[PDB]
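Consider the single chain below, provided in structure tokens and representing the form deposited in one PDB entry.
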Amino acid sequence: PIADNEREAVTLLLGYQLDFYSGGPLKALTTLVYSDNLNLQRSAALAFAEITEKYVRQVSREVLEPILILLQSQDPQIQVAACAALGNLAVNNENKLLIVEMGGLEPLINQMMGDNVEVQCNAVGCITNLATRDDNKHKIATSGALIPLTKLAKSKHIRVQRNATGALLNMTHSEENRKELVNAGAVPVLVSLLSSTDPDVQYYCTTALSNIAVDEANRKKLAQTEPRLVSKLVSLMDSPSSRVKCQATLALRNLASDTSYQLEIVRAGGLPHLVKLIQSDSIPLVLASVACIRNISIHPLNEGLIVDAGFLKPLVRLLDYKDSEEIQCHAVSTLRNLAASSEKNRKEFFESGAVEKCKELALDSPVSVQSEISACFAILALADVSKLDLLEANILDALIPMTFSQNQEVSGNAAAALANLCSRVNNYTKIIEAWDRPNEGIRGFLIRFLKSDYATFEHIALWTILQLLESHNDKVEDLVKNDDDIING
């Protein structure tokens, strides 16, 4: 009797009745609407608001047109109820599109510009919901709603503020719409609302400004008109709200795309905040902050200040984040940005443990991380004063097998590093040891790169052979007398 399993599996699903968007009920409300009698229309509006409040689905033209018609009313009750109904229906994705196609934006804008704060709230909110569909965003942005949205973002009523700033946020997702926002004058408002004591408003405005900072032109504009923006974001890095912390950090990263902001964030005291955030052991916070410091470390004038601030060891520790490839990449990239600085910073770099950790990661990490590490080694090897030390950390053990990689960032930078390590060093012991190992070591490298199609690789091989000859060493001169090496020409 397996059947009685099935017998109750069906009844169950026959369960999985409150639908009134058609037939009798709908016709009754519609009849109330087209009566053009004020009281009856009030009744219809209240009914619609309640119904949409309790249940929402994709509805047809005949549901939305009586509501749109109710939105032409001068009566506050009708207005607020109809706006509530349309706003509720605008939670469904097909409804958003249909509502905008029917010309709902014009009545909504009109209702926004009236002196009724509840109607303001509901109309703005309806627009907020409409703007969560990509198709609608540009149409809303160019419809004229931006001026009243910007104005209403300054409302003393927190619900109106949330809806307004939310809509503004919903139109920072494309370059064009962001341009529309900046042209409508939203930026001073957003910046001012960075100080808001409401978590939602603060988050919306922080995120909105962060998205606005994605565009170079907006960054330039902000640099000219909003001089205290960096300070405010910096102070927002210490917000008790985690998402506001994270987003403020992201905004600072985005801004740090530019040189001037790279200097300005440091000048405004952002470094200790970043130092703390990069050690939070919260993946979002760490990601944001390591990205930010990655951008900031590009400016030479910051290097010293970054090392004094104590970034090196936190950065090095980030390399143990084996389940976050991006964090590893950014950490290593920042380290490499700190790898060709002054002597003090160099000593600090070597005292951080970056070389050893990078060596450890070089042969057991994603190819992106490998690439960053390889580049880091390549730049580190440029300093003569460091070469021996790099050699005594046995990084040749990493470099040599990396010259086998089909990723040319890896292999190319490994070749560069190795080559430079072979040049003008006082002691060639480590090089002699690594002549045949690992994996044919340095001689094998020389062979393979001597027969390379890519003229740069071949140039590298020839150049490092020359550097090996150039140095006054008796034995490496003995080791180059092997026939696979020489007749290459």
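One-based numbering along the sequence shown. The term rigid core refers to the maximal set of C-alpha atoms that superpose within 1.5 Å between the two forms.
This next part talks about the form deposited in another entry, which is not shown.
*Asks:* Scan 254, 120, 403, 73 for the one whose CA shifts by 2 Å or more between the shown form and the other one after superposing the rigid core, and name it.
*Replies:* After core superposition, the one over threshold is 73.
*Asks:* Aligning on the core only, does the CA of residue 34 end up 2 angstroms or more away between the shown form and the other one?
*Replies:* It does shift by 2 Å or more.
*Asks:* Could you check whether the CA atom of residue 91 moves 2 Å or more between the shown form and the other one, using the rigid core for the fit?
*Replies:* Yes, because once the rigid core is superposed, the C-alpha of residue 91 moves 2 Å or more between the shown form and the other one.
*Asks:* Residue 9: after superposing the rigid core, is there a C-alpha shift of 2 Å or more between the shown form and the other one?
*Replies:* Residue 9 C-alpha, core-superposed: shift of 2 Å or more.
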